[PDB]
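**Q** Numbered according to the authors' numbering, the sequence shown spans residues 30 to 626, 689 to 1273. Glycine included, every Cβ here is placed at the ideal spot set by N, Cα and C.
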Amino acid sequence: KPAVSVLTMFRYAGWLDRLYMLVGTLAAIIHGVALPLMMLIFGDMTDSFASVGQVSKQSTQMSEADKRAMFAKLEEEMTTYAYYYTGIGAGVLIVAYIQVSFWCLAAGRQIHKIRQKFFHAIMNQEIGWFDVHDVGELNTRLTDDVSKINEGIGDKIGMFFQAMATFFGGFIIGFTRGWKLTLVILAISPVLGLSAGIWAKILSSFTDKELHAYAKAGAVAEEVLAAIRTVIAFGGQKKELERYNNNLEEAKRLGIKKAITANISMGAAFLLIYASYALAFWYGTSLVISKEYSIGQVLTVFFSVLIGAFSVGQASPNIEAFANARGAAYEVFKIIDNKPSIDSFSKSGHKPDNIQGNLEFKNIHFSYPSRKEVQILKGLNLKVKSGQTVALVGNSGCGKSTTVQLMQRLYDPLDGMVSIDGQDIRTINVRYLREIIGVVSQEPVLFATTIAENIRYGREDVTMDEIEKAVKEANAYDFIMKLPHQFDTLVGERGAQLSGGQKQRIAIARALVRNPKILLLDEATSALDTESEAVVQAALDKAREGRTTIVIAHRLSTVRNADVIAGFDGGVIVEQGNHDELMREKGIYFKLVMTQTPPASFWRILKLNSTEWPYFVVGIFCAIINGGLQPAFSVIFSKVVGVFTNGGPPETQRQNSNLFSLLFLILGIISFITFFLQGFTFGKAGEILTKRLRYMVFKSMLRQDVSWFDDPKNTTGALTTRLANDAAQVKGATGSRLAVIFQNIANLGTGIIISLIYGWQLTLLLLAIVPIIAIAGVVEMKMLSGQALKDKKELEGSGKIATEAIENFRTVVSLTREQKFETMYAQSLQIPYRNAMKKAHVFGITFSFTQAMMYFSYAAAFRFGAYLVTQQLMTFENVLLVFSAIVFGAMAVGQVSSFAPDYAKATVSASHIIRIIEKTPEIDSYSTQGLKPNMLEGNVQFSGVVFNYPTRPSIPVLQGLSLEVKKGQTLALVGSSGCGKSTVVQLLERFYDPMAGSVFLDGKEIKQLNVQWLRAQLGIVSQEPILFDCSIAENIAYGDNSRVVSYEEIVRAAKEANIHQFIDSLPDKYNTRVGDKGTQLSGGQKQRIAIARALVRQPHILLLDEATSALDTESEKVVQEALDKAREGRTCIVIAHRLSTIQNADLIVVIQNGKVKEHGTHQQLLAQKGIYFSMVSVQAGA
Ligand SMILES: Brc1ccc(Oc2c(Br)cc(Br)cc2Br)c(Br)c1
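1. Taking any heavy atom of ligand 1 as the mark, which residues have a C-beta closer than 7 Å to it, listed down the chain?
2. With DSSP as the reference, identify every bridge partner of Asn-410, one or two as the case may be.
3. Based on the DSSP secondary-structure assignment, which residues constitute the bridge partners of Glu-321?
4. Residues in the same chain with beta-carbon distance under 6 Å from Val-970, minus the five sequence neighbours each way, listed in chain order, please.
5. Bridge partners of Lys-1246, per DSSP?
6. Return the chain-ordered ranges of every alpha helix (DSSP H) run that is complete within the region 138 to 195 and spans a minimum of 4 residues.
7. Give the DSSP bridge partners of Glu-1096, in chain order.
8. Quick check: the region 238 to 256 against the region 364 to 374, are there 3 or more CB pairs under 8 Å?
9. Inspect the CB distances between the region 331 to 346 and the region 195 to 204 and report whether three or more fall short of 8 Å.
10. Taking DSSP as the reference, what is the three-state secondary structure of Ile-1192?
11. Beta-carbon separation of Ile-897 and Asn-168 under 8 Å?
12. Could you give the distance in angstroms between the alpha-carbon of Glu-552 and the alpha-carbon of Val-542?
13. Is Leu-435 helix, strand or coil by DSSP?
14. Whole angstroms is fine: what's the gap from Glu-472's alpha carbon to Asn-1244's?
15. Between which residues of its own chain and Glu-1212 is the CB-CB distance below 8 Å, once the five residues before and five after are set aside?
16. Is the separation between the beta-carbon of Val-821 and that of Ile-1046 shorter than 8 Å?
17. Could you tell me the alpha carbon to alpha carbon distance between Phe-78 and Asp-95, rounded to whole angstroms?
18. Looking only at its own chain, which residues have a Cβ that is under 6 Å from the Cβ of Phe-351, when we skip the five neighbours before and after it?
19. Is the beta carbon of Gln-566 sitting closer than 8 Å to the one on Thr-554?
20. In the DSSP assignment, what residue or residues form a beta bridge with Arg-1164?
21. Tell me the DSSP secondary structure of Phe-1153 in three-state form.
22. Starting from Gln-744 and walking both ways along the beta strand (DSSP E), at which residues does that stretch end?
23. Is the beta carbon of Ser-762 closer than 8 Å to that of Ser-975?
24. Run through the region 867 to 917 for me and flag every whole beta strand (DSSP E) of 3 or more residues, listed as ranges in chain order.
25. Using 8 Å for Cβ pairs, my map puts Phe-912 next to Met-152. What's the rounded Cβ distance?
26. Please determine, among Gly-1166, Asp-1167, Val-1142, the residue with the shortest C-alpha to C-alpha distance to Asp-1155.
27. By alpha-carbon positions, which one of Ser-470, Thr-1011, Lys-881 ends up nearest to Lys-790?
28. So, for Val-459: in the same chain, excluding its five sequence neighbours on each side, which residues have a beta-carbon less than 8 Å away from its beta-carbon?
29. Can you find at least 3 beta carbon pairs, one from the region 992 to 1002 and one from the region 691 to 705, that sit closer than 8 Å?
30. Kindly indicate the opening and closing residues of the alpha helix (DSSP H) around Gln-1032.
31. At which residues does the alpha helix (DSSP H) containing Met-74 begin and terminate?
32. Would you check if the distance between the CB atom of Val-726 and the CB atom of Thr-314 is smaller than 8 Å?
33. What number of angstroms, rounded off, separates the C-alpha of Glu-271 from the C-alpha of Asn-1162?
34. Out of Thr-626, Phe-597, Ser-1089, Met-67, state which residue places its alpha-carbon closest to the alpha-carbon of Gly-616.
35. Hey, would you say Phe-1038 sits closer than 8 Å to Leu-1078, going by beta carbons?
This is the structure in structure tokens:
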């Protein structure tokens, strides 16, 4: 919404930039006017053949005389028009270079200025300015918004004025050469602007419907793929597939309905657009039979008006480009023009010499740019004598640090003054102020250069002698000499990451070259290892005694040797003096001392598409028809002008033009009959394979074992995204692009035969001409993208040192040296600048030479056309036919290069979608093999089980584990921490097979058992029960699949789980919907339902994985009261973290390091005094 004044945006154009834009936009208007003149001459060449085509047919008496006066008219006329044509092509050769080169010159020159000025302004902002903005957004604003300005002040403006020139020049030649046809072509323009306006309404309303259609199927997939371990546990893998398949049937029906309506929209749109042209050209013939216009003039205005009418649309993007460039220049010029109060670039203020360093803070009230919400200093008083070292202490608030901020004049105080020596800090130059103040902060930062360069950021003029003395005087010399490369080592966020106390000493040496008169030490010793602390503290004490120092820390070890100590309480200075005196004061200071003591040939995706052997052949056949049917419209146009230039007797003409105009309206309805079929057939054929793909993909996804969904590469979001993209892309590869790529090769294929057989070698010329200008247009775009990628590579090096500059900026401004980054960034930009000058000459040459090859080509179209072919018996009516046939057959192949990324984008989406079907798991739930034993009672054997999770094969969770539980017994399971408690349940569910050892149930190894049958006698109940969006009756009936569960049977389970209080209390009862979509209810109810569905199954084994994890108050008392009833009649394994409820367990087992450590009944393990005795004592006391 905000924009910029049109002059202020070009504020950096002067002298030459103003001239380049003028000569550029001048030649840009010359370039535009050339094309309607190029069509003006096309009309005069018609009358030349027309004055001869009418007299050649008017004879029927003399033949050698028609070889004289006729051919003489031609060679004087044709060579006159051919001379003009070659001149127009030489004209656009020059002006197109002048056009694009100059504007890209003016843009390149300005954008170089924008950048330097804009980064300059970023570094000139006071710290209170950054405290309210994001440096991340600002940096991205620096590289993106400057790019948008370049796009709007570049060759796009020259293009804008080229288009308006064709618009004006088109309707000038339109109006002047005839005021009737123009008003007629403008009358059908509302119809053309109304037919394309139906597409802005159908697309935007149906692209939502499809995004609302699959959103109903993707919602099923997401609660499934998020609750996958619950559907795997209960084996709903057939239902959740079926339910996803039931939503795929509706999206197919809504996709075929969209395919019906959208293809009706295109065909009727073209047929209205092509009828609107017909009537404008038929009614152009109706005015030549009346002898008002010539057959040549009808062509001139008809083209010049349509050319001029369509230049309106070819300019609208450049308007938007210039407009986006204005609005983007707002927030950028806003920074450049914003003048600060502090500067730090200002060359003003006093530079006191012989600074003794007597500092005082008087009545300083202050607040950070959070402003009225918080006031951190409620007045202040604090001197510090020269040479002394004051120490600031405080419990919280850190108004301690605030005095360091103010002393650097980072912010000015709200009320009061900070006085270095006798002068207010605000009289002294801000730069000289920060040069006479060294700073050592809590987090040290070193810039991505050498040690000598980081030390050189203290002073730019320095010799390794003084670097050596500085690092040696901050005892930081002994420890870099051992480090290789000596002073030439690297530092940064990338490479050679050093110790904290090591990084601080380089900062002290950096501040030591500064030889400052003032010293500010904020938190420098805090947050650092204890041993290297003393090494740095030795340097801090050696960095003082020659200076006056204010120090802030929480280490009460560095404060004793301070001459004076200051304490705060609510921003108020409260307690000051020497160490011994504050201890006698027994106040705030004393109170704190005691406290601290792969692209490839994928044929099979088409082989799966071969499920529909028809539907394609219906479309292909129907597309080649429409392909062959499309040059015939040019053949009709050739003969509507042909027989009416080759007329002779004018009486038979009016009756044939009526017959031709009737044919084309029959030929367009049969084109709309054949266009609708080629779209509907692929539309239906593409939507039905989208079901087959998404069906087969979602199937093989439920096939994979838990080992695959734990992969951080495959999350629930990344799987539905992989589910929707890969199936939509392959539809596009086999969809519209294929119908169009076969329509167009039939378009040229049928047009190449018609033209070839009329004009002998006439067509053989254009086939030496057209493929060259098409290749020349493609190599231009390859050079376009090459210059684009190369410039991105070398401006990000500039923005990389800008990134380092602006998000490490509160440090650099403390060090001054903004002029450093100022110059580095300037040297960084000098390469893309001198590059952008070549870009102007490159773009200008390529564009001018793809434009010249269009007019020189069309100069050669009439070079054969006349002279060598017209001195022969071959006719004019065929030269017009070959021009329209070949050039339009060529521009139809120009659609092949546009649909190229649609093929590759799908093959890569196909690359992943064929792999995801064929990938087989270690533990496939689908295998029907397995024992399916007959005996009911259930035991459980773990025997020497070692197992690590495949995601993290580092820390073992189970190693040498061995358990056993009898039927009807409760096996408690206590663990120090981790999933060692929980991994047991996962292995009994055979989520994974163990690495070593084995797990048995009824005496049989589950690893040889049926995977699905095993999970069928297991009553899993987790700590967060997930319930799908459907009836609670179904959430409860979900526990027993392969059979619909009776109402009174899911009632009996709801009776067991003690959830039946709600299940009658709700208005819908069992038919109520849960899933945070229909109704919401707390976890205690969610949980009981999970218990309900757990024992619908009537398992022989319950599995209670910390079932009282997230639960409170009476809700825990009622859930355990249900769990305790659900067991005792079944084999039970409970790992619940409530050891109170675990007392009445038939066997408790303590897990230690994966090994079983301590087992026995409660009082047994309680008689022993060890881990279980401590596990129970720690929770009972606390
Ligand atoms: Br009759 C008649 C035939 C083609 C005409 O222009 C064309 C041409 Br030329 C090519 C195609 Br494809 C469609 C149309 Br509409 C006109 Br205007 C009138």
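**A** The relevant details are as follows:
1. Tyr-303, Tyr-306, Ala-307, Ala-309, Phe-310, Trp-311, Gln-721, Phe-724, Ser-725, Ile-727, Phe-728, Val-731, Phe-751, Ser-752, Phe-755, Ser-975, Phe-979
2. Along the sequence shown, one-based indexing puts residue 410 at 381. Answer by DSSP bridge pairing, in chain order: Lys-391.
3. Position 292 of the sequence shown, counted from the start, is the residue given in the question as residue 321. Partner(s): none; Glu-321 has no beta bridge.
4. Taking the first residue of the sequence shown as position 1, residue 970 is located at position 879. These residues qualify, in order along the chain: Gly-956.
5. Position 1155 of the sequence shown, counting from 1, holds the residue named residue 1246. According to DSSP, which records beta bridges pairwise, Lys-1246 is partnered with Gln-1243.
6. 156 to 159, 164 to 182
7. Here residue 1096 corresponds to residue number 1005 of the sequence shown, with the count starting at 1. According to DSSP, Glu-1096 bridges with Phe-1091.
8. Verdict: no, contact absent.
9. Result yes; three or more Cβ-Cβ pairs closer than 8 Å.
10. Mapped onto the sequence shown, residue 1192 falls at position 1101. In this structure, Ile-1192 counts as strand in the three-state DSSP scheme.
11. Numbered from its first residue, the sequence shown carries residue 897 at position 806. Numbered from its first residue, the sequence shown carries residue 168 at position 139. Yes, the pair counts as a contact, with Cβ atoms nearer than the cut-off.
12. Looking up residue 552 in the sequence shown gives position 523. Looking up residue 542 in the sequence shown gives position 513. Roughly 21 Å separates the two Cα atoms.
13. Taking the sequence shown and counting its residues from 1, one reaches residue 435 at position 406. Of the three classes helix, strand and coil, the one that applies to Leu-435 here is helix, per DSSP.
14. As a first step, residue 472 must be located in the sequence shown, where it is residue number 443. As a first step, residue 1244 must be located in the sequence shown, where it is residue number 1153. Rounded to the nearest angstrom, the two C-alpha atoms are 39 Å apart.
15. The count along the sequence shown starts at 1 and reaches residue 1212 at position 1121. Counting only Cβ-Cβ distances below 8 Å, and skipping sequence neighbours, we find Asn-1149.
16. Here residue 821 refers to the residue found at position 730 of the sequence shown. Here residue 1046 refers to the residue found at position 955 of the sequence shown. No; because the gap between Cβ atoms is not below 8 Å, this pair is not in contact.
17. The count along the sequence shown starts at 1 and reaches residue 78 at position 49. The count along the sequence shown starts at 1 and reaches residue 95 at position 66. Across the structure, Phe-78 and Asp-95 are spaced so that their CA atoms are roughly 13 Å apart.
18. Translated into positions along the sequence shown, residue 351 becomes position 322. Excluding positions up to five away in sequence, the list reads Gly-181.
19. In the sequence shown, residue 566 corresponds to position 537, counting from 1. In the sequence shown, residue 554 corresponds to position 525, counting from 1. Yes, they are a contact pair.
20. Working through the sequence shown from its first residue, we reach residue 1164 at position 1073. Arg-1164 pairs with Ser-1122.
21. On the sequence shown, residue 1153 is found 1062 positions in, with the first residue counted as 1. Helix at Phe-1153.
22. Working through the sequence shown from its first residue, we reach residue 744 at position 653. In this chain, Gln-744 is not harboured by any beta strand (DSSP E); it is covered by the alpha helix (DSSP H) spanning 744 to 794.
23. On the sequence shown, position 884 is the one that residue 975 refers to. On the sequence shown, position 671 is the one that residue 762 refers to. The answer is no: Cβ separation not under 8 Å.
24. none
25. Position 821 of the sequence shown, counted from the start, is the residue given in the question as residue 912. Position 123 of the sequence shown, counted from the start, is the residue given in the question as residue 152. With a Cβ gap of about 6 Å, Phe-912 and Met-152 count as contacting.
26. Walking along the sequence shown from the start, residue 1155 turns up at place 1064. Of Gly-1166, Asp-1167, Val-1142, the residue nearest in Cα terms is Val-1142.
27. Here residue 790 refers to the residue found at position 699 of the sequence shown. When only C-alpha atoms are compared, the closest one is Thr-1011.
28. Here residue 459 refers to the residue found at position 430 when the sequence shown is read from its first residue. If we look at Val-459 and ignore the five residues flanking it on each side, its Cβ neighbours are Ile-371, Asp-372, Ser-373, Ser-375, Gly-378, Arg-438.
29. yes
30. For the purposes of this step, residue 1032 is taken as residue 941 along the sequence shown, with counting starting at 1. It is not in any alpha helix (DSSP H) - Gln-1032 instead sits in the beta strand (DSSP E) that spans 1031 to 1038.
31. Residue numbering aside, residue 74 sits at position 45 when the sequence shown is read from its first letter. Taken as a continuous stretch (DSSP letters only), the alpha helix (DSSP H) holding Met-74 covers 45 to 88.
32. Looking up residue 726 in the sequence shown gives position 635. Looking up residue 314 in the sequence shown gives position 285. The answer is no: Cβ separation not under 8 Å.
33. For the purposes of this step, residue 271 is identified with residue 242 of the sequence shown, where counting begins at 1. For the purposes of this step, residue 1162 is identified with residue 1071 of the sequence shown, where counting begins at 1. For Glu-271 and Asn-1162, the distance between alpha carbons rounds to 21 Å.
34. Taking the first residue of the sequence shown as 1, we reach residue 616 at position 587. Per the C-alpha coordinates, the member of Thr-626, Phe-597, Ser-1089, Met-67 positioned closest to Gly-616 is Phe-597.
35. Translated into positions along the sequence shown, residue 1038 becomes position 947. Translated into positions along the sequence shown, residue 1078 becomes position 987. The answer is yes: Cβ separation under 8 Å.
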